[PDB]
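All values below come from the heavy atoms of this structure, side chains included, with hydrogens, waters and symmetry mates left out. Naming: A, B, ... by sequence-line order, numbering from 1 per chain.
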4 protein chains.
Amino acid sequence: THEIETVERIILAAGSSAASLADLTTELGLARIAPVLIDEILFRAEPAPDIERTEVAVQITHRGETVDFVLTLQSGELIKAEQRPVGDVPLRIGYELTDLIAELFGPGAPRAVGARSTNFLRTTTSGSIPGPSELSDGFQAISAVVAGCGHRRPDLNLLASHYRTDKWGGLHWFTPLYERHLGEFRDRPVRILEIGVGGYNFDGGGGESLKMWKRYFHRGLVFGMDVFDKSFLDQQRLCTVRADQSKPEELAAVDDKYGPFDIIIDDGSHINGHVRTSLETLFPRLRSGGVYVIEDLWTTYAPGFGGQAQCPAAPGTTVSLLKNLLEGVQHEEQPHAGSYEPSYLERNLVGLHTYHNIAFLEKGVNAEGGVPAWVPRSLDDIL
Amino acid sequence: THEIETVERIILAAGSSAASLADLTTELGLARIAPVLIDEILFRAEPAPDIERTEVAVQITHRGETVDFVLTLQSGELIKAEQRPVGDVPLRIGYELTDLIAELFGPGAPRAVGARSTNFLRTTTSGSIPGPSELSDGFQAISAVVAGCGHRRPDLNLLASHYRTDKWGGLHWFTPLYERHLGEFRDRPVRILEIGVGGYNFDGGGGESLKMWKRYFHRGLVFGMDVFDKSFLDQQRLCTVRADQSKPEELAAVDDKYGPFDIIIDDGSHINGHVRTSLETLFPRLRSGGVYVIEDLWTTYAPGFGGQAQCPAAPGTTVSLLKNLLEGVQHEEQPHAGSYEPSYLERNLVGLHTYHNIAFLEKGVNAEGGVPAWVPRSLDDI
Amino acid sequence: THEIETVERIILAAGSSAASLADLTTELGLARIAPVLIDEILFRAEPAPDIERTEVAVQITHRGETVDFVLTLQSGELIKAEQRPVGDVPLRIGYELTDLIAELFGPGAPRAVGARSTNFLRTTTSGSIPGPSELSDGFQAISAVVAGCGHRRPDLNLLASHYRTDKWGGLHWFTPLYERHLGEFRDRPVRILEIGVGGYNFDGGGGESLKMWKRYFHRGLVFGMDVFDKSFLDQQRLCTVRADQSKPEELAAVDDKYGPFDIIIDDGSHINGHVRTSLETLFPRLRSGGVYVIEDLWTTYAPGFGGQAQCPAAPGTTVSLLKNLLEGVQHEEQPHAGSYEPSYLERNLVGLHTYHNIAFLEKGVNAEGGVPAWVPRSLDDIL
Amino acid sequence: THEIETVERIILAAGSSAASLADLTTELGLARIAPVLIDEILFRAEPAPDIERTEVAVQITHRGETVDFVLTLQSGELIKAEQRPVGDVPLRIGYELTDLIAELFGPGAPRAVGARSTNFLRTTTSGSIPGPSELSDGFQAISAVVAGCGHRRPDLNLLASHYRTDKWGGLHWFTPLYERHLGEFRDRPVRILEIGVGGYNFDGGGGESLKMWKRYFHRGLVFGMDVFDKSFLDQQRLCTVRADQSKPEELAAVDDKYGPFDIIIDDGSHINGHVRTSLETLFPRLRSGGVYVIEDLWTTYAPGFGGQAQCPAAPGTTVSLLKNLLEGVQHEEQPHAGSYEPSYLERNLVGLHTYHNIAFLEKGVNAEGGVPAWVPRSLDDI
Ligand SMILES: Nc1ncnc2c1ncn2[C@@H]1O[C@H](CSCC[C@H](N)C(=O)O)[C@@H](O)[C@H]1O
Ligand SMILES: Nc1ncnc2c1ncn2[C@@H]1O[C@H](CSCC[C@H](N)C(=O)O)[C@@H](O)[C@H]1O
Ligand SMILES: Nc1ncnc2c1ncn2[C@@H]1O[C@H](CSCC[C@H](N)C(=O)O)[C@@H](O)[C@H]1O
Ligand SMILES: Nc1ncnc2c1ncn2[C@@H]1O[C@H](CSCC[C@H](N)C(=O)O)[C@@H](O)[C@H]1O
Ligand SMILES: [Mg+2]
Ligand SMILES: [Mg+2]
Ligand SMILES: [Mg+2]
Ligand SMILES: [Mg+2]
C-alpha cells in the first residue's frame, strides 16, 4: 500500500506544479524514483524487436546525482534492466528526472522534441562503418526503449490483441467503444476497477485486460477483483483483490481500501443477480462523472446464469435492468405523486449507451427538471 | 435546385483534388462563385460588433481576374455587401479563390497563417495615429469579417443561444450531446434533416435550429421539414420543405428529393405515432454510419400527444420503443425457437444513446454474431 | 502571495486524485473556496447578454454545507454576485463543490452532461405562461452563467478582439500561432510571464493580453512585468510586477518570486538590447519543454529602438539573433575544435519557429549527437 | 496512369457526397474496385502475426453483387489474398462496398461500430471449445485483417521503425516533427513528393520512407524521385520517377506529370546546390498551404557536398539559405530605399520551422502589411 502510494505521488506530481514535482523529487530522491520509471520503461517497451541481444543504456540525472541502467533486448525474451556503467554501451538515452517523470506519467500531448539526449553508435567496436546487423538491430533497440519512455497514445484494439484479452477480436469488439467512453480519462490519474480478473481457478490464469488498462491509462492505478487469488499478477499500478461481487460487504471493502473508482467494469460471473448487486452497491461509490460498464449482456437469456430464455427479457435480467435504467433517466417526466423521491439510479444516471453485448452508464446529476407545467400538454391547453 | 447543386459542387471540390477544384473554378468562373462565398461571409460574420458604421473590403482573385466587394458593418444592423471598388477603404482582406473556397468549405484544421492578404489603416482619417474609435472599430470590423471567412470550430451552446433555439438554455441542454454524437461529421459534406422547423402556423416564425445547423456544419446542406410553409426561411445551404411526418409517402418524397441524409432529427409534433412512423420510414433511408435523433421523449407520458400517463411506459409510446430498440441490439443473443431473420432496426441499429429528453440512434451493420455454441452456458456445461 | 497560493492549491487539486481534492476541500472549507469559484464565473461569463436586469442563482454544496449566490446580469453592466437566499429566483444552477472545482479548473474534455442541477422557470410570478421577454432573457441569462462555470475551449482570436489586445486584428495576426505553439499547455497549471503589460505611463492603461491569457489558460497564473506600476489590474490569477527587462537582476527577481515560467512572451520595449538581455537571463530559467516568444521583430530595423536600417540585419539586432539561434541548433554539425563546449542557447534550443513579426523558441535538450564520423562525407569516402 | 487515376477517383469519392460515391460505384463496378481495396488491406494488415497458417475471409457486397476473398496469414510470410469461395473458413469479415471504401480511404474519425459484419469460429476443428492455438491464432488473424481494413491513426515513429527508414531511430528523430507539420493533412487526398527514394545504385534498394508515407497518408498518392531507376518499388498509391534534382527541367517535368504536390521532402543528394535548385523550382509549384521539407542540413558544412567547413555558414550553403528565408519573412519591415517588389520566397513563405538536421517551410500568402507609417519609431516620434 506504501508502494501504490509512492507511484501515485509520482503520477500526481507529473501533472502538478514545478514546485510540487521539485518537492517530491527532493523528498523521495533519484535512488527511489528511478526504479519505478525503469519498471514503466520495461512494461511499455515490450515487446522486444526481432533482434540479436542488444544493450541500450538509460541515464537519469537529478541535482548532481546520476544513475545509469543498461537494458538488454532480444527477440522473444523479457527486456531486462540492471543498474550498471554505460561507458561501453554505444546506444544511450539520457534524461533529467523531471523530464522522464512527465514523459512517462505526464498528462497532455507527447513531446515531439527536446525531452532527452541520445548517443547512437558514436563509437563502434566492429570498425569504422558498423556492421549491417549492428546498425539495423541498433535502430530497432534504441527505438523500442524510446517508445517505452513516453505516453504516446496507444491503439486499444492492438493492445487487446497483444495482451490477449477477448474484449477485441472475434468474441467481442468493445475496445473502440472503450476508447469513445473512457478516452477522455486517459490523461487522468484514474483508479479503475475491473470485476473479473480472468483465468478462474486455473493456476497462472488471467490479468490480460488489467495489463491492457495499465498500458492505456499511463497515469492509472488498475484494480482487478476476483473470488479466486490472482496475487501472482500484482505489479506496479496493477493490484488484484480477492472478493465476491455477489456479496455487498465484500464490494464495499474493495472500494473502502482501493477506491474511489473513476471507472468500474463488470466482466465477472455474468450471473444476473451478481451484475445487479454489484451495480446497486458500487454505483453510489463510483466517482460522479465516472462510467460503469457491464459486459456480456447475453447471460440475460441464459438460465445457467440466472437468466431466462425469453424475450422480452424477464425482470431481474440485465436487459430488463437496462430498460428500466433507460426509463429512469426520464423520471422527471413520469406520472408521479408530488411526494415521489427519485431512486439513486434515477437521480445519478445521466447517460445510457447500449451496444451489442455491452452497456456504458454515465454517472452524474440527473436533475435538470421536468418539462414545466406551463408548457401546453394538449390542443385543449393550446386553445 | 441548380443553386443548391452549385453550392454543393463548390463544397465537394473544396475537399477534393487540386484538379477537381481547378476544373470547377474554370467551369463556373469567379463571377459565379464569389457571390456564394460573400453570402457565407455575411452569414458567418454576423453579428456585427457594437461599432459605428465601418466598411471592410474583400477582394477575391483567380487566374488574372479579380472582383472587389465592400462590406458595411454597424451595431445592430444587418451586415451588407456590395460589389464596388475597394478604393480608399482602409480595412482590406484579399484572397485567392481556391484559398477562400477551402477557408469556407474545406475540411480539416483551420489554417493558422498564409490564407489571405490584409491591409489595416495604412491611411487614417487624421493622417497620423488614428482616432481612438477609428482604431477600435477598425480592429473589431476586420476581425469580424475574417472570422466569417473561415471554418474555425464554433461553440454549439453559444450558437444555440445566439440563434435562440430551445436545444440549449433552461428547457433543454442537448447541444453538448449533439457535439458528442455529430461532431465527427462537422468536416463532412452532410445533408441534415430536421423534422420541425419551428413557429407552427405563426407568420415569420421558426428556423432557429436550421440556422444553427448551417453555421455548425460549414460544408452541410440543411433541410427543414414542416406541415406548414416555411419558404421565407429559405437561403444558401438551408432549404425548407412542406411535408407531414405522419405520412410515409411525404417522408419518402422528402428523402427522394433532398436525401440521402447523414443525420435526421425529430423535433416535430412529438405525437408518439408520428415519432414511430418517421423512424420506421426514414431509418432505412438514413445513411449507414448516420445518426437518428429523437427529441422530447416526455410526450411518452402525455395523453394529448398520444401518450399514456403510466410507468412502465405504455406500448406504442417513445420510451417503450427505445426499450424495444435496446433489446433488439441484442437480437443475436435472444432465443429464437424457429427460423428467425432479424428486423431492419435489429440489423441496422448498432448503438442507442439515451439521455434526459433525447435519444441518439447510430445506424450501422449489427451482425458481429451471437455467442458461439461452444461457449459454456451453465456450470453443467462447465 | 497567500492568495495566489490558495487559488493554485485549488487549481492543482482539480487535476489531482479524489483524496487530494477531498483533503483540500476539508482543509480550506466551502466558505473560503466558494468566493474563488464565483470570481471565476464572473470573469468567464462576461460579457452579459443584451437583456433586462435578470437574476441567476448559483448554489454550491459540500458535506452538509451549502452556500447560495445570486448573480445579476444586465445589458452593458458588470455581472454582480451576492451571497443571498435563492427561494425567489426562478433561474438556478446547483453544484457539488468537487464538480464546480473541476468544471472551472479541471484538465481534460469539458463535461457534456451531469455536472450540475438546473431549475428553469419552474414557477413564474407573471402567471402561467411566462412573458416573452421573461422567457427570452431567462434562456440568455442562465446560458451566460453556465458558460462561465466551465472550461470549454475558447477561440483565442475572439478573446483577443473582446479584451482588445493588438495580438489579433489589423496590426498583428498572432493568436492562431499562439494556439499552435501554446495550445498543448491550455489544460496545464501554467505560470505565464508577459513582458509589457501595455498602456505605458497612461493611467488605467494595459492588461488586455493578460486578461486574454487568464481566460485561455483556465488553470493558469498570469504574470505581467512592466517598468511602470500596473497594480490596478491585479486580480485572481493575474499579478502585475514592476521590473525592467533591461536589467538582468530585476528579471531574475521576477523569476525568483513568481517563477518558474512555462511560457515567457517578450512584448515590451522592443528595444533590441532589452530583447537580448531578457532572453539571455530568462531562457535558462524557463521550464524545459517551455516556449519563449518574441513579438515585434520589426524594431530590428528601427534606429529609435537600437535597430539598424539595413538588410542583412546588423549584429545585435533581433533578426540577426534569430539567424544565429537557427545556426546554433546545428551546433553539433558545425566545424569545431573537439574541446568546443556548446553555449546555453545552442544546447537548450530544440526548435525555432519564425513567422511575420514573431518568433517562437522551444526549450529542450538539443543533444541527439552530430552525424557520426563513419558516415561518408565525400565521394572519396564513398570510394 | 489510368490505374493511378482509378485509385484517386475511389479516394476522392470516399470523402465526397453519397451521389458521387454511388456514381463511381455504378461506373467502375464491384469487380474493378474490390481488388484495389484488397491490395490496401494486404498493405495495411502487414505484418502477419506470429501464428500458424490461418485463413480469413473478406466478402464485399454492392447492389445485389458480392465477391469473396480468402486471405492467408502465417508468421514471417507475406499475407496473400485469392478470390475464392468463403466456404468453410471460420474467420469471416463482411462489408458493403461503400463502407469499405470509407473505412480505407474516408476522411474523418475511424468508425467505432457498425462498419462491417464478422463471424468468429462459429465452427471449430474439434466440434467444441476450439483448440488453444486455433482460438489464439483466430483472434490474431481476424484482428490483423480488420486493422488493415481501416484508417485508424498510425504511430509514424513505429511505421518508420517497421519500414526501416532513418527518419527515426539513432541517426534522426524527425517523425514526431512530421506528425506536427503534416498531421493536419493525414485525412486529405494528398500528392506527396520525396526527392530521394533510397538505395542509390544498389539493386533492389530503397523505398522505405515511400512505404511509410503510403501507410500514414491513407488517402495519399506517394511519388518518389531518384536519378537512378526505382521502378521495382512501384505499387498502388506509390509511383517512382527517374529525375535529377540538379536539373530544373526534370523537376518541372515531375511536377507537370504527377503534381501539384501538397508536400515536398528533400532527402536526396544533400548537395547544397541541388537543395537550392529543387526549392527555387518546386516551391512555386507546391500548393499554397503546403509544406516544403529539407532534411540533412549538416551537409552545409561538408565540402564534399558543396558545403564550406566554416561558421557562420558560407553563402550558398543550406543554413545560410535558411537564415535568408528567415529574414525574407520580415520583408515588409525591411528598409527599401526605392521601388521594391518582394521575391517569390518573400511573398510565399509564411513560416520557417528549424530543428536539428531538418527545416519545415510553410507556403502561403506573406502579405499582412508592414507596420503602418503612423506607428511611433522612436521616442522622438513619441
Ligand atoms: N462472484 C464472483 N466475484 C468475482 N469474480 C468472479 C466471481 N465469479 C467469477 N468471477 C471471476 O470472473 C472472471 C471472469 S473472466 C474475466 C476476463 C478478463 N476481464 C479479460 O477480459 O481478460 C473469472 O476469472 C472468474 O473467476
Ligand atoms: N405532422 C407534422 N409534420 C411536420 N412538422 C410538424 C408536424 N406537426 C407539427 N410540426 C411542426 O413541428 C414544429 C415543432 S417546433 C421545432 C423547433 C425547432 N426545431 C427549434 O429547435 O427551433 C412546429 O413548427 C410544427 O409546425
Ligand atoms: N524596460 C522595460 N521593461 C519592462 N516593460 C517595459 C519596458 N519598457 C517599456 N515597457 C512596457 O512595455 C509595454 C509594451 S505594450 C504591451 C501590450 C500588451 N502586451 C498587449 O498585447 O495588450 C508598455 O506598457 C511599456 O510600459
Ligand atoms: N541528383 C539527384 N536527384 C535525385 N535523386 C538523387 C540525386 N542524387 C542522389 N539521389 C538519390 O537520393 C537518395 C538519398 S537516400 C534517401 C533515403 C530515403 N528517403 C529513406 O528515408 O529511406 C539516393 O537513393 C540517391 O540515389
Ligand atoms: Mg469477458
Ligand atoms: Mg426540442
Ligand atoms: Mg504589442
Ligand atoms: Mg535524412
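Within the 4.5 Å cutoff, no side-chain heavy atoms of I264(B) are placed close to those of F283(B). In this structure, the side chains of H353(B) and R180(B) stay at 4.5 Å or more apart for every pair of heavy atoms.
For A373(D), no part lies under 4.5 angstrom from a heavy atom of chain B. For chain B, no part of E96(D) is nearby; none of its heavy atoms comes within less than 4.5 Å. If you measure heavy-atom distances from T124(B) to chain D, the contacts under 4.5 Å come from the side chain alone. Only the side chain of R111(D) has a heavy atom closer than 4.5 Å to any heavy atom of chain B. For chain B, the nearby parts of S288(D) are the backbone and the side chain; heavy atoms of each come within less than 4.5 Å. Heavy atoms of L135(D) lying under 4.5 Å from chain B belong exclusively to its side chain.
Here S117(D) is the residue among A102(D), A19(D), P376(D), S117(D) with the most heavy-atom pairs under 4.5 Å with chain B. Contact tally against chain B (heavy-atom pairs below 4.5 Å) for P130(D), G351(D), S128(D), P372(D): the top residue is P130(D). Contact count against chain D (heavy-atom pairs under 4.5 Å) is highest for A18(B) among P189(B), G15(B), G369(B), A18(B). Counting heavy-atom pairs closer than 4.5 Å to chain B, the top residue among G114(D), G364(D), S20(D) is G114(D). Your options are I93(B), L121(B), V371(B), and the one with the most heavy-atom pairs under 4.5 Å with chain D is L121(B). Of the residues considered (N348(B), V113(B), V375(B)), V113(B) shows the highest number of contacts with chain D, using heavy-atom pairs under 4.5 Å. Per-residue heavy-atom pair counts under 4.5 Å with chain B were compared for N366(D), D99(D), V365(D), and the maximum is reached by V365(D). Among the candidates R122(B), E362(B), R287(B), the residue making the largest number of heavy-atom pairs closer than 4.5 Å to chain D is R287(B). Annotation: maximal heavy-atom pairing with chain B below 4.5 Å, among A13(D), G289(D), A115(D), occurs at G289(D). The greatest number of non-hydrogen atom pairs below 4.5 Å with chain D, out of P260(B), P107(B), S17(B), is found for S17(B).
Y340(D) and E332(D) are not linked by any side-chain donor-acceptor pair at a separation below 3.5 angstrom, with hydrogens and angles left out of the test. With no hydrogens or angles considered, no side-chain donor-acceptor pair links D23(D) and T26(D) at under 3.5 Å.
Aromatic rings from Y292(B) and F360(B) are positioned such that their centres are separated by 6.0 Å or more. Aromatic ring centres of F120(B) and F139(B): separated by under 6.0 Å.
The CG atom of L193(D) sits 10.5 Å away from atom CD1 of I263(D), with the distance rounded to the nearest 0.5 Å. Between the CG atom in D88(D) and the OG1 atom in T123(D) there is a gap of 9.5 Å [rounded to 0.5 Å].
Salt bridge annotation for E27(B)-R9(B): present, with a cationic side-chain nitrogen under 4.0 angstrom from a carboxylate oxygen. At a threshold of 4.0 Å, the pair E103(B)-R116(B) counts as salt-bridged, since one of the basic side-chain nitrogens sits closer than that to a carboxylate oxygen.
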